[PDB]
Amino acid sequence: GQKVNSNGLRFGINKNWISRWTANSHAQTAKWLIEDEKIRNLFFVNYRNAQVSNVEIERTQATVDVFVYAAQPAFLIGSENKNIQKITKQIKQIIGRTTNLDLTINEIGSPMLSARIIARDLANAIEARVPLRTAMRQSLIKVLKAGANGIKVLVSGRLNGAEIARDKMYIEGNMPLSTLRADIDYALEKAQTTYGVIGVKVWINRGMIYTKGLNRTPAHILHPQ
Amino acid sequence: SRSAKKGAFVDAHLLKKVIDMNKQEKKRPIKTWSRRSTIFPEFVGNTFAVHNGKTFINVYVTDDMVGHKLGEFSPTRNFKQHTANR
Amino acid sequence: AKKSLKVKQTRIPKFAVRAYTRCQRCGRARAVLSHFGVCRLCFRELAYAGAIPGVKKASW
Amino acid sequence: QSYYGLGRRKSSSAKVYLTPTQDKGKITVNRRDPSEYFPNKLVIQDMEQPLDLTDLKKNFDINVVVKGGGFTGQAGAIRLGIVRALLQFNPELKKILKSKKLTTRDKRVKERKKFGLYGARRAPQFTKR
Amino acid sequence: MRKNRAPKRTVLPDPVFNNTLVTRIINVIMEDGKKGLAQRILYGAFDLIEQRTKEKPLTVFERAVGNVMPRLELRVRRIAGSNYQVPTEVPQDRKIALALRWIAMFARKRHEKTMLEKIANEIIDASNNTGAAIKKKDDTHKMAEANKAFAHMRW
Amino acid sequence: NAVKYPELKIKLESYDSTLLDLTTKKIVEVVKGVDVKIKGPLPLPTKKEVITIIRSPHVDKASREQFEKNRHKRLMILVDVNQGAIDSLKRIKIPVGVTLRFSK
Amino acid sequence: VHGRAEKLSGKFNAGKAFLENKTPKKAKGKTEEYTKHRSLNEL
RNA sequence: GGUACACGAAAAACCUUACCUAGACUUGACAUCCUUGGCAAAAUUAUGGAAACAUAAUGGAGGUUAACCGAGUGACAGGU
RNA sequence: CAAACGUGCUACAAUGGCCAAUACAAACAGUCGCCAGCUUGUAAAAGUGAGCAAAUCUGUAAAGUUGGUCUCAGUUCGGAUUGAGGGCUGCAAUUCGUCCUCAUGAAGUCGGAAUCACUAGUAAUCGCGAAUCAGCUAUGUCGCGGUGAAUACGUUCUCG
Ligand SMILES: [Mg+2]
Ligand SMILES: [Mg+2]
Ligand SMILES: [Mg+2]
Ligand SMILES: [Mg+2]
Ligand SMILES: [Mg+2]
Ligand SMILES: [Mg+2]
Ligand SMILES: [Mg+2]
Ligand SMILES: [Mg+2]
Ligand SMILES: [Mg+2]
Ligand SMILES: [Mg+2]
Ligand SMILES: [Mg+2]
Ligand SMILES: [Zn+2]
């Protein structure tokens, strides 16, 4: 049957909001809400070879703050800090010159246990005609060896160019989805294939967080050893 | 219904045409799309071609039609007989 | 015929009553939340990702 | 030595003040006659349900302040408030009051309306054919 | 299948006449969830009984309800279809309830005026075992007596 | 000694609760480290808004999910501040989520 | 025996006076100012 | 069918609108890429107009082209 | 629009209709808004005009209590339909907005075969608020409170 979005079910209990701002009026509540979607979508669609896992936006009456975590920031940084200025001009045009931008590219710890880059890597393999079984098995084994809990990958679509759509799942461990105290990270990606669209869904379990707080601390962002 | 202070309503394009048309003796049908304009005393004696949706049906105003709407004296849909489904 | 309707809605009309509110991400006309300028089915994606601050699930 | 009780029922608070007296209890609700405040029915006695079987001859002067609810909810609130005030003067009464269960919050409040339903528990008419 | 009888809403205390049955019949004549309206109807009808019968209203009411009170109940069992009405002894709790329920249906159908006079007339007509509620009890008793053969028959 | 501002009635409100309590704790701690008599961090009723939206795009109006958004609110009125407290007031800082309604 | 006319005519006179009066007083709003979010009065 | 029928639609006079009748347009009302300039688009007042749109006006924030205003230009844009 | 079905509203009534006085909520919402009070108006409303960016100001609670009247009738039930005069929104209300006042007063007197919901603050019922919205016979939808029941012996039958 249908399941509630795993990320959306855990909001306001253990996970904070990716955008934290208070607008003036219902007209400024819409502009400040559509603009950040453009900014986030910009970051994710293009500038992808960097493995950006999550981008949070912080705005006040007039000051916009962006916190961008990535696995390979060299592509954002560019040659002797070139691409960074370039990307800055895009962001300024989107929100407006009248404001102040404060990009804060932060390197990420524990890159594996983030559902965004894993889903992006899974999706990338499918456009390159890589066999699905091998691609999925190889990504899971590196992820499992990296030291996390169970991962569930669902890749529904016109699998392998077929004319009848299927779906393949691969669970490996205890993934208690009905439980609220678990630290489950969820992300979704669209693999654009020559034969259509492939939907890849990745559930990752990153332990148990008895914390009653909403984020308030780096999750997989933390850099352990 | 319509308030008093506001009064009546014509598009004022019809008024210029109507004033011009009353001065000119050889009056001809007025092709108007404005069904919202109310029939004003000066309209009396003229003939109009109101847009029913497809064509312009001709209505000859009299000393009596004054007050109603110019589109009220023309139809929009037509129904005259059903057909046994069975 | 969606983008042109979206563009026409952005453009100011010649009468005030000619102005309607469309969703700002997509182009859906009906079921638009004036509180957010976002239609009902865009609100799910924003609420389920944390883009909208303070939007948590409700239990009553 | 006054006594204070705080009852509640159907979202209706109550502040009942028990004052020792020997010149008839003269029950009073919000500075107005209870026979004028409440309906002329057993509810006016429902309020005396814990004050009758034990006693009212001790002539307790009643000072009721209720803010919220209808009238049955207010009556239940002062009953709980009165009984809670009764639990500060001569603790055996508690035992007998406990028996009849007149010293427990009723815990009954109106449920929340649910989507797709015409009320708390009702549901739309079903048409199969 | 249920195999469980959870707490049966138990209440009895009555004030004006100390007869639990008065509260039950009040609840029976209840309509639209109006307690005050039903209370006025019963108490005014009881007041109407003082000027007519010159006797205690509770005594006449008990004399009426006990007289209306039935003995046999005809239930439903399957046999090639339909049911050959089986007479069974209904318990006392249901027994009073059915008696009170029957009183209300025939009281709200009398040719009389305000149900005050209607129910008073219905009740006064039942203290002498000659009324509309009696006929129903008479009919079910007569229906049960004819079908005594299939009585015992139980699943 | 001076005042220059009598009866500073600071009002706090935010979509989040714990941040609001934390922010109220920091302001109160600083304002008592200087010589000011805090009236008290009292809570005001929280205005909760609820929007009911059908999840599906096309059919099944009966199955409709629901959302709520609470704007937690607090009140705090300061009697006398003076420059000696104004400096702390300035370098106090407040996490974005929390919203202030200083009314002077 | 007026047969309508006079009374509806007066309404028409009011409307024609309205139409010839028409002044382009196009506007969109009412109450104004007091629209802000405050700050720490200088941060 | 249950699991459609106060359903999509949490608001069809105009708008919405996707439909019909008409009056108008063609790298187009919107977009990028390219050779090339920016010394505007608006809004509003006139005349003809059912209104689209035309012919005339204040020639317009700004910032020297930033964004856009254009020309040239074929890949194309577009389709509820 | 000759018709048929589904979901709701209003009723066929003295557990009521009409008139007067009057007590008791919760939740939510509000600066192109909530609109107090005052003046005019048979009324919808208009003008003046404070107060409230809100536990502060505003959004009349109704059923309920008492008194008067109606006396079982197609009625002081029931409001449809129709005609006229007004008010509001909006360029614009005829196709196709709603409100008020006057005028009229269809059917309907408990509804065939057959069916639906509900196990306590539940069914029934009385109001209040919000969303989209310039305005809208939304009687719809999502919520909030006031009053507030009856029954469950049992699984033989019935559906899953
Ligand atoms: Mg489209
Ligand atoms: Mg509109
Ligand atoms: Mg289906
Ligand atoms: Mg249209
Ligand atoms: Mg210039
Ligand atoms: Mg230049
Ligand atoms: Mg006050
Ligand atoms: Mg008033
Ligand atoms: Mg009537
Ligand atoms: Mg009309
Ligand atoms: Mg159950
Ligand atoms: Zn949308």
# chains A, B, ... in the order shown; residues from 1 in each chain; ligands from 1

$ interface_residues --of "chain B" --to "chain G" --cutoff "9 Å" --atoms "only C-alpha atoms" --output "list in words"
residues 4, 5, 6, 7, 8, 9, 10, 11, 12, 38, 40, 41, 63, 64, 66 and 67 of chain B

$ write_last_selection --atoms "N, CA and C atoms" --output "compact mmCIF listing (two decimals), in the first residue's frame"
# COMPACT_ATOMS: atom_id res chain seq x y z
N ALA B 4 -28.95 52.65 -6.91
CA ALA B 4 -29.53 53.89 -7.44
C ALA B 4 -28.43 54.87 -7.83
N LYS B 5 -27.59 55.25 -6.87
CA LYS B 5 -26.51 56.22 -7.06
C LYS B 5 -25.74 55.94 -8.35
N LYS B 6 -25.48 54.65 -8.62
CA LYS B 6 -24.78 54.27 -9.84
C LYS B 6 -25.63 54.57 -11.06
N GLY B 7 -26.91 54.22 -11.01
CA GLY B 7 -27.83 54.49 -12.10
C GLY B 7 -27.88 53.31 -13.04
N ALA B 8 -27.94 53.59 -14.34
CA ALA B 8 -27.97 52.57 -15.37
C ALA B 8 -26.55 52.33 -15.89
N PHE B 9 -26.43 51.55 -16.96
CA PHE B 9 -25.12 51.26 -17.54
C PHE B 9 -25.25 51.01 -19.04
N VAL B 10 -24.51 51.80 -19.81
CA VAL B 10 -24.20 51.54 -21.21
C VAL B 10 -22.70 51.72 -21.42
N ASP B 11 -22.18 51.03 -22.44
CA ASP B 11 -20.74 51.04 -22.71
C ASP B 11 -20.22 52.39 -23.20
N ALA B 12 -21.10 53.34 -23.54
CA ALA B 12 -20.74 54.69 -23.98
C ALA B 12 -20.17 54.72 -25.40
N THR B 38 -28.06 48.98 -21.07
CA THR B 38 -29.50 49.15 -20.92
C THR B 38 -30.06 50.10 -21.98
N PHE B 40 -31.67 53.07 -23.32
CA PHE B 40 -31.83 54.47 -22.96
C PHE B 40 -32.86 55.15 -23.86
N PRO B 41 -33.56 56.18 -23.34
CA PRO B 41 -34.64 56.81 -24.13
C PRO B 41 -34.23 57.20 -25.54
N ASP B 63 -40.99 52.43 -27.89
CA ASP B 63 -41.19 53.21 -26.67
C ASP B 63 -41.40 52.35 -25.44
N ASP B 64 -41.51 51.03 -25.59
CA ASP B 64 -41.75 50.14 -24.46
C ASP B 64 -40.50 49.40 -23.97
N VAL B 66 -37.72 50.30 -23.35
CA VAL B 66 -36.78 51.12 -22.60
C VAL B 66 -36.72 50.62 -21.17
N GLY B 67 -35.50 50.38 -20.68
CA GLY B 67 -35.30 49.98 -19.30
C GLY B 67 -34.57 48.66 -19.15

$ select_by_dssp --residues "range 24-170 of chain A" --states "strand (DSSP E)" --output "JSON, numbers by chain"
{"A": [54, 55, 56, 57, 58, 59, 60, 63, 64, 65, 66, 67, 68, 69, 70, 101, 102, 103, 106, 107, 151, 152, 153, 154, 155, 156, 157, 166, 167, 168, 169, 170]}

$ write_last_selection --atoms "N, CA, C and O atoms" --output "short mmCIF file (atom, residue, chain, number, x, y, z; two decimals), in the first residue's frame"
data_model
loop_
_atom_site.label_atom_id
_atom_site.label_comp_id
_atom_site.auth_asym_id
_atom_site.auth_seq_id
_atom_site.Cartn_x
_atom_site.Cartn_y
_atom_site.Cartn_z
N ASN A 54 22.95 18.18 0.90
CA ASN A 54 21.82 18.99 1.34
C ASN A 54 22.26 20.44 1.45
O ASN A 54 23.40 20.73 1.83
N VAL A 55 21.37 21.34 1.05
CA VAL A 55 21.61 22.78 1.13
C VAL A 55 20.50 23.45 1.94
O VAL A 55 19.32 23.31 1.61
N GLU A 56 20.89 24.13 3.00
CA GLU A 56 19.93 24.85 3.84
C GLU A 56 20.09 26.35 3.58
O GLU A 56 21.17 26.84 3.26
N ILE A 57 18.98 27.06 3.74
CA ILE A 57 18.85 28.47 3.42
C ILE A 57 18.37 29.18 4.68
O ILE A 57 17.45 28.70 5.35
N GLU A 58 18.99 30.31 5.00
CA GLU A 58 18.62 31.08 6.18
C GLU A 58 18.49 32.55 5.83
O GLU A 58 19.46 33.18 5.40
N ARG A 59 17.29 33.09 6.02
CA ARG A 59 16.95 34.45 5.65
C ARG A 59 16.32 35.18 6.82
O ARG A 59 15.58 34.60 7.63
N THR A 60 16.63 36.47 6.91
CA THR A 60 16.06 37.41 7.86
C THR A 60 15.37 38.49 7.01
O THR A 60 15.20 38.31 5.80
N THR A 63 18.71 39.53 4.86
CA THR A 63 20.02 38.90 4.81
C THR A 63 19.85 37.41 4.52
O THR A 63 19.16 36.70 5.27
N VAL A 64 20.43 36.92 3.43
CA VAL A 64 20.25 35.54 3.00
C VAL A 64 21.55 34.78 3.25
O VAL A 64 22.63 35.22 2.83
N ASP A 65 21.44 33.65 3.94
CA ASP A 65 22.59 32.82 4.30
C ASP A 65 22.38 31.43 3.74
O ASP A 65 21.30 30.84 3.91
N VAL A 66 23.40 30.90 3.06
CA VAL A 66 23.34 29.59 2.43
C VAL A 66 24.44 28.72 3.02
O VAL A 66 25.60 29.13 3.07
N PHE A 67 24.07 27.51 3.45
CA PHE A 67 25.01 26.55 4.02
C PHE A 67 24.98 25.32 3.12
O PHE A 67 23.99 24.57 3.13
N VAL A 68 26.04 25.11 2.35
CA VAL A 68 26.08 24.06 1.34
C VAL A 68 27.12 23.02 1.73
O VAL A 68 28.31 23.33 1.81
N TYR A 69 26.67 21.79 2.00
CA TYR A 69 27.57 20.69 2.30
C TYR A 69 27.78 19.86 1.05
O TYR A 69 26.81 19.53 0.35
N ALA A 70 29.03 19.51 0.76
CA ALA A 70 29.38 18.77 -0.43
C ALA A 70 30.48 17.77 -0.10
O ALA A 70 31.19 17.91 0.89
N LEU A 101 24.53 38.20 0.12
CA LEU A 101 24.65 36.75 0.07
C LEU A 101 25.89 36.36 0.87
O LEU A 101 26.89 37.08 0.88
N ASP A 102 25.83 35.19 1.50
CA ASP A 102 26.87 34.72 2.41
C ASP A 102 27.10 33.21 2.25
O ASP A 102 26.93 32.44 3.20
N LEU A 103 27.42 32.78 1.03
CA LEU A 103 27.70 31.37 0.79
C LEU A 103 28.68 30.85 1.83
O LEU A 103 29.60 31.56 2.26
N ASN A 106 30.60 24.13 3.11
CA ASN A 106 31.14 23.30 4.19
C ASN A 106 31.40 21.87 3.73
O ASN A 106 30.53 21.24 3.13
N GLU A 107 32.60 21.38 4.01
CA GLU A 107 32.93 20.00 3.67
C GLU A 107 32.12 19.06 4.56
O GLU A 107 31.80 19.38 5.71
N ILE A 151 19.98 -0.64 4.42
CA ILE A 151 19.60 0.26 3.33
C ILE A 151 18.61 -0.45 2.43
O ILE A 151 18.78 -1.64 2.12
N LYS A 152 17.55 0.25 2.01
CA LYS A 152 16.52 -0.32 1.16
C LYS A 152 16.47 0.51 -0.12
O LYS A 152 16.21 1.72 -0.05
N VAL A 153 16.72 -0.12 -1.26
CA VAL A 153 16.74 0.60 -2.53
C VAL A 153 15.64 0.03 -3.41
O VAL A 153 15.62 -1.17 -3.70
N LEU A 154 14.73 0.90 -3.83
CA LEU A 154 13.62 0.57 -4.72
C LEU A 154 13.80 1.35 -6.01
O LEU A 154 13.85 2.58 -5.99
N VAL A 155 13.90 0.63 -7.12
CA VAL A 155 14.17 1.24 -8.43
C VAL A 155 13.05 0.81 -9.38
O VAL A 155 13.16 -0.19 -10.09
N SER A 156 11.96 1.56 -9.38
CA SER A 156 10.81 1.22 -10.22
C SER A 156 10.88 2.03 -11.51
O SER A 156 11.36 3.17 -11.53
N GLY A 157 10.40 1.43 -12.58
CA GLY A 157 10.41 2.07 -13.87
C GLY A 157 10.44 1.02 -14.97
O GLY A 157 10.31 -0.18 -14.71
N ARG A 166 8.47 -2.80 -13.99
CA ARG A 166 8.62 -3.66 -12.83
C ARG A 166 9.07 -2.82 -11.63
O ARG A 166 8.92 -1.59 -11.61
N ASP A 167 9.63 -3.49 -10.63
CA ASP A 167 10.21 -2.84 -9.46
C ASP A 167 11.06 -3.86 -8.71
O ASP A 167 10.65 -5.01 -8.52
N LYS A 168 12.25 -3.43 -8.30
CA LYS A 168 13.21 -4.27 -7.58
C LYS A 168 13.59 -3.61 -6.26
O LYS A 168 13.90 -2.41 -6.23
N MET A 169 13.48 -4.35 -5.17
CA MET A 169 13.86 -3.85 -3.86
C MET A 169 15.02 -4.68 -3.34
O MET A 169 15.26 -5.81 -3.79
N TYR A 170 15.76 -4.12 -2.38
CA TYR A 170 16.89 -4.85 -1.81
C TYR A 170 17.09 -4.34 -0.38
O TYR A 170 17.77 -3.33 -0.16
#

$ residues_around --residues "residue 7 in chain D" --least-positions-apart "4" --cutoff "7 Å" --atoms "only C-alpha atoms (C1' of nucleotides)" --output "PyMOL selection string"
chain D and resi 13-14+77-81

$ residues_around --residues "residue 34 in chain C" --least-positions-apart "6" --cutoff "12 Å" --atoms "only C-alpha atoms (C1' of nucleotides)" --output "ChimeraX atom specification"
/A:25-31 /C:20-24,40,43 /F:51 /H:10 /I:131-133

$ interface_residues --of "chain A" --to "chain H" --cutoff "12 Å" --atoms "only C-alpha atoms (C1' of nucleotides)" --output "number ranges by chain"
A: 89, 92-94, 96-97
